[PDB]
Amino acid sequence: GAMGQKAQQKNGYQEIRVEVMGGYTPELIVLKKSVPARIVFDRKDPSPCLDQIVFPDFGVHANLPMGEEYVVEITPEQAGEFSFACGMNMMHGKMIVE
């Protein structure tokens, strides 16, 4: 198994919460293959550096409203390691699917 914070399995999906503060914490997350996922970004840092979230392997690039939650939804059908980052590719995270 891979190191990192595992998503919680429940009600036909899996969910993990990521705090946006000077980057992402946790910045290492672990998801189950083939299970619809909710990656909930709670934005607490108003830096323009963190205005967007990007999952390049999944085609996601979206605005994160300050002081609010925003949910990235993906269903990872392939095992492996996938990156995520801010819209500037300056702040980073890693998602392992297994």
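So that there is no doubt, residue numbering starts at 1 and follows the sequence shown.
Stretch with the greater mean C-alpha B-factor as recorded in the entry, comparing 89-97 against 2-10: In the deposited entry, the stretch with the higher C-alpha B-factor mean is 2-10.
Selection by C-alpha B-factor (highest) of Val54, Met66, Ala37, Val71: Top of the list by C-alpha B-factor: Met66.
Ranked against its chain, the third holding the CA B-factor of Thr75: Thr75: CA B-factor falls in the middle third of its chain.
Entry-reported Cα temperature factor of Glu19, expressed as the chain third it lands in: Within its chain, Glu19 is a lowest-third residue by C-alpha B-factor, going by the deposited values.
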